[PDB]
Amino acid sequence: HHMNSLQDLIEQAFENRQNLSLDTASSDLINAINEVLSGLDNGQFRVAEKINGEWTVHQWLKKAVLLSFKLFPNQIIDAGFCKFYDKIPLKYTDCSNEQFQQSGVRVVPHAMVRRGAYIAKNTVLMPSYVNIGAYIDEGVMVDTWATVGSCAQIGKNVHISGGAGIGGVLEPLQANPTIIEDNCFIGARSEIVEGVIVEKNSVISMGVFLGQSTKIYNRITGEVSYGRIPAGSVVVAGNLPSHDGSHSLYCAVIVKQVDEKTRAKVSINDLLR
Amino acid sequence: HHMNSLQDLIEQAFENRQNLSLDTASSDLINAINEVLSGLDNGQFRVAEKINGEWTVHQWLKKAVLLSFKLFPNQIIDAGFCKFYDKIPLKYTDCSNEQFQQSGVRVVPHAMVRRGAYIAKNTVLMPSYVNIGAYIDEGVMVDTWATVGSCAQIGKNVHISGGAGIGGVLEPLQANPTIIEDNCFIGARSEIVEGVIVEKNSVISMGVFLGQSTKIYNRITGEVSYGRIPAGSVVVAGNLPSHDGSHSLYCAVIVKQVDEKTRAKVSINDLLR
Amino acid sequence: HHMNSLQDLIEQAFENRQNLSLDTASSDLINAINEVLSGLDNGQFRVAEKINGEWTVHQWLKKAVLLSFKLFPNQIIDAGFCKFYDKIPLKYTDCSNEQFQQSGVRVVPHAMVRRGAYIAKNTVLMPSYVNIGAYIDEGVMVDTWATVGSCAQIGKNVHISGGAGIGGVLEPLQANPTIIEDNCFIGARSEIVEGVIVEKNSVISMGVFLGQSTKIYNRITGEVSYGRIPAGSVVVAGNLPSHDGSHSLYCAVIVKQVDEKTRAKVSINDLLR
């Protein structure tokens, strides 16, 4: 009932967003948006959720985030030696030592996290970026210059390697965000975007650039598909030849698939060799 | 006349740069260099300019920037929790809230911009880097861990996606900088360097690494070229086969070309599909 | 004798690491670990070393670093506008202006370096990351969003281009770290990881993703190899065709090899053309 009331305020405001402005926003509404941001930040709200074995999206959460961008004023952020200027608060500002201990997260300087992103215990953030609305479950490693984009869902024990990006999905509203399920390895410099889902136990090698337009070639079956890496897939960068053989175009290739039992026994290097 | 006098000081100093030093620089010259840096920073000077339909370069502006690197001393930059040490001032230091409002730029923490780069209103800098001499026109999105290199010219409404880089061109003096014209999309992890020009309305997909040595294959015509993406081109990563078929080498492929009318109607995803 | 005593303390502690903890660490041991960290930071210890023409690794140095991660407590790092939370000190904190001058390093804001990494004079760090245990020799350029990973050995006059990463190797203990020898060029967005060695005078082009599982095709000889770029190699991204020709998979291609005499005369662009 309480969340149904909060959702209602958000949806009615979003409906007439085209006649709202920073100078004209209900004080009760700016409070409501901040209530949703707080729930996203502490994990009690999450933008997408696996329900009855299906990933589902909560559009009203995206609407609250979209409304924060429209209605919140930019303010100076004073770093001493320089200034920034933005409207989205950072996650770790008034955080005490106890609170950091209780969180179980390591935030390596100078990793940057916006408020409205949840990050579970035993996660390590190397210098990296986590955007508003993201949900990072337990035991995740976010390596240097990686990016966890808006609303992205990162599962337990996922390894996002150096310079790898998980693309944000705030619009369209009905789109599932980019989802990396439990125990996935994302290799360095890869980029998984636009609501692609990488299912459980997958291994993505280096330089895999995977969006909704990227052909996925399954070399075992010979099928070409889009938008989903099935569970336990080993994925490498490849090419597909032209019809006349004059050239080839970039694609992702599924070179093997591995059950959970095997995934715990064989190393990533052996899987790619 | 006033700018012709300023240019003269810069050129005469640059001529005898090999006998200048940090301890021996005219006080009037360090002022002149700073006058050019100020004009670059507020957009009244720009390193390259489209004149009579041709992009042209102002070598004397590069010479001023080169002289700043030679003559300016490094100084401590105190970030409180650590120190840096460099000779190029940052753009946003003594900036007031009013000045940030007047600029119309959002500088998301912790985006870093050197002084001597111009950034026009309605631009959003995610955590990213903009180097000295760059010119970023109105409405540009610089996404997370993107880079706008020295002297780069970024047109209106350009989208530089996450982890994409626009390479700097300070030397050679006569070289046009890397130029991205109006309404271009630069896909994630791409890198456009070494004075390549991407003309108006082009769409560059992910993982396109494009420099002066990169073959550009036009699959419509079959031509191979270098250094220029014609207006309205859709560009993806590809390969070109060996003469004996033993291997292939990386290249960029122009897979379609689109007029301005079509460019506003069809989405980027549909263009790449 | 003094270093043999220090090594002994480290090795005996590492042996019974599984029964050590942050709350139970010898005060004399936390001092010993800090002595090794200091020696790594000032270059008097280095994790790997070329001895009698062979690169060798000092496992006990890695053990000290591993013990710092286990035993050092996380602490708040106060950046004023936000906080971080980590257990590894930064290299440049109490550094004076004189010390920065004496170091000969430029640390461009906001490049981040952990303590326990050595960086020699005439090196320039653009905003980038250098991890604990790395050794960066004289005259190196680390460009924007590059990464020098843990224990990596970077030779004199190496150029790590924008967005390029040198992968860390802390485990396995016996593995040589990723090694880039003198006068190598590492092109933008490339990633050299997992203890690959790039020998002297090599030129690596853009988008080269090179780990222990990456096939290296030598187009002059036709040989496929792993883990080593021989001295003077020019390396570009390529593909290798499927046995049935349905697809190809990513690889690195050695397209030329160049002696030291030629390497100083011919430009990188001419080498790749």
Side-chain angles (χ1 to χ4, degrees), chain A residues 3 6-7 9-11 13-14 17 29 31-51 55-72 86-93 103 105 107 111-120 123 125 128-138 140 142 146-156 158 160 164-173 175-181 191-198 211, chain B residues 106 108-109 124 126-127 141 143-145 161-162 188, chain C residues 82:
Chain A
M3 221 209 284
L6 187 54
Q7 167 166 4
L9 237 177
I10 298 290
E11 282 166 358
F14 192 81
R17 68 200 181 275
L29 166 65
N31 266 247
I33 299 171
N34 272 316
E35 213 192 314
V36 170
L37 291 185
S38 285
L40 287 169
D41 196 79
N42 63 31
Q44 290 181 271
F45 303 142
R46 60 187 300 173
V47 175
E49 205 158 25
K50 204 165 186 178
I51 301 169
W55 280 99
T56 67
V57 70
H58 299 289
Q59 296 187 32
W60 77 275
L61 295 175
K62 294 170 154 182
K63 288 172 179 177
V65 174
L66 285 170
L67 283 181
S68 78
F69 278 95
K70 189 195 174 73
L71 306 180
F72 285 12
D86 193 27
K87 58 179 67 180
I88 304 296
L90 299 176
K91 181 179 177 71
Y92 303 108
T93 56
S103 75
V105 180
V107 187
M112 201 54 43
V113 186
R114 271 170 162 173
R115 200 170 179 277
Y118 172 72
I119 303 198
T123 293
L125 308 179
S128 58
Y129 194 71
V130 182
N131 209 345
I132 184 169
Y135 187 109
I136 301 177
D137 216 322
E138 303 184 357
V140 168
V142 181
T147 305
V148 179
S150 183
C151 303
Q153 308 292 304
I154 312 297
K156 303 183 175 68
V158 165
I160 306 172
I166 313 300
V169 182
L170 205 35
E171 282 145 317
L173 292 179
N176 278 2
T178 310
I179 289 160
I180 315 290
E181 295 199 328
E191 188 84 12
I192 314 298
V193 299
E194 294 169 359
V196 167
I197 176 163
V198 181
Chain B
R106 283 173 56 217
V108 176
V124 176
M126 293 295 285
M141 289 180 283
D143 281 358
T144 304
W145 314 132
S161 299
Chain C
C82 69

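Computed from heavy atoms alone, side chains included, the values below leave out hydrogens, waters and symmetry copies. So that the names make sense, note that chain A is the first sequence line, chain B the second, and so on, each numbered from 1.
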Going by atom types alone, do A/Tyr129 and A/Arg114 pair a side-chain donor with an acceptor below 3.5 Å?
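Per modelled atom types, A/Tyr129 and A/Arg114 side chains form a pair under 3.5 Å.
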With a 4.5 Å limit on heavy-atom distance, are the side chains of [X] and [Y] in contact?
{"X": "A/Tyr118", "Y": "A/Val130", "answer": "no"}
{"X": "A/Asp137", "Y": "A/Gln153", "answer": "no"}
{"X": "A/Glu191", "Y": "B/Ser161", "answer": "no"}
{"X": "B/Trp145", "Y": "A/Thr147", "answer": "yes"}
{"X": "A/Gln7", "Y": "A/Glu11", "answer": "yes"}
{"X": "A/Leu37", "Y": "A/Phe72", "answer": "yes"}
{"X": "A/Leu71", "Y": "A/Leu29", "answer": "yes"}
{"X": "A/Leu40", "Y": "A/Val47", "answer": "yes"}

Working to the nearest 0.5 Å, report the span between [atom1] of [X] and [atom2] of [Y].
{"X": "A/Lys63", "Y": "A/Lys70", "atom1": "NZ", "atom2": "NZ", "result": "14.5 Å"}
{"X": "A/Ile197", "Y": "A/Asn176", "atom1": "CD1", "atom2": "CG", "result": "7.5 Å"}
{"X": "B/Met141", "Y": "B/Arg106", "atom1": "CE", "atom2": "CZ", "result": "11.0 Å"}
{"X": "A/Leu90", "Y": "A/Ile132", "atom1": "CG", "atom2": "CD1", "result": "11.0 Å"}
{"X": "A/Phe69", "Y": "A/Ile33", "atom1": "CZ", "atom2": "CD1", "result": "12.0 Å"}
{"X": "A/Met112", "Y": "A/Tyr92", "atom1": "CE", "atom2": "OH", "result": "11.5 Å"}

Is it true that A/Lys156 and A/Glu181 make a salt bridge, defined as a side-chain N closer than 4.0 Å to a carboxylate O?
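Judged by the 4.0 Å cut-off on N to carboxylate O distance, A/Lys156 and A/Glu181 do not form a salt bridge.
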Does [X] use its side chain to pair, donor to acceptor, with the backbone of [Y] at less than 3.5 Å?
{"X": "A/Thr56", "Y": "A/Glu49", "value": "yes"}
{"X": "A/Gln59", "Y": "A/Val57", "value": "no"}
{"X": "A/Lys91", "Y": "A/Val113", "value": "no"}
{"X": "A/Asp86", "Y": "B/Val108", "value": "no"}
{"X": "A/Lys62", "Y": "A/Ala175", "value": "yes"}
{"X": "A/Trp55", "Y": "A/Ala48", "value": "no"}
{"X": "A/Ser68", "Y": "A/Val65", "value": "yes"}
{"X": "A/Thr178", "Y": "A/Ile166", "value": "no"}
{"X": "A/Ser103", "Y": "A/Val105", "value": "yes"}

Pair A/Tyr135-A/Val148, side chain to side chain contact (heavy atoms under 4.5 Å, CB included): steps then yes or no
CA-CA 9 Å; A/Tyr135 187 109; A/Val148 179; over 6 Å; no
Locate the shortest heavy-atom distance separating [X] from [Y]; write the atom from each residue and the value.
{"X": "A/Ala134", "Y": "A/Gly149", "value": "CB-O, 3.7 Å"}
{"X": "A/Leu67", "Y": "A/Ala13", "value": "CD1-CB, 3.8 Å"}
{"X": "B/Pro127", "Y": "B/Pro109", "value": "CG-O, 3.3 Å"}
{"X": "A/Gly195", "Y": "A/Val169", "value": "N-CG2, 3.5 Å"}
{"X": "A/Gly116", "Y": "A/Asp41", "value": "N-OD1, 2.8 Å"}

Where do A/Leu170 and A/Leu66 land on the side chain to side chain contact (heavy atoms under 4.5 Å, CB included) test, with the steps shown first?
CA-CA 8 Å; A/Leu170 205 35; A/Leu66 285 170; 3.8 Å; yes
Residues forming a side-chain contact (heavy atoms from CB on, under 4.5 Å) with A/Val140, sequence neighbours excluded:
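So A/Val140 forms a side-chain contact (heavy atoms from CB on, under 4.5 Å) with A/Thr123, A/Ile136, A/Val142, A/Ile154, A/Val158.
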List the steps, then state whether side chain to side chain donor-acceptor pair (under 3.5 Å) holds for A/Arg115 with A/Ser38.
CA-CA 8 Å; A/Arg115 200 170 179 277; A/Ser38 285; 2.7 Å; yes
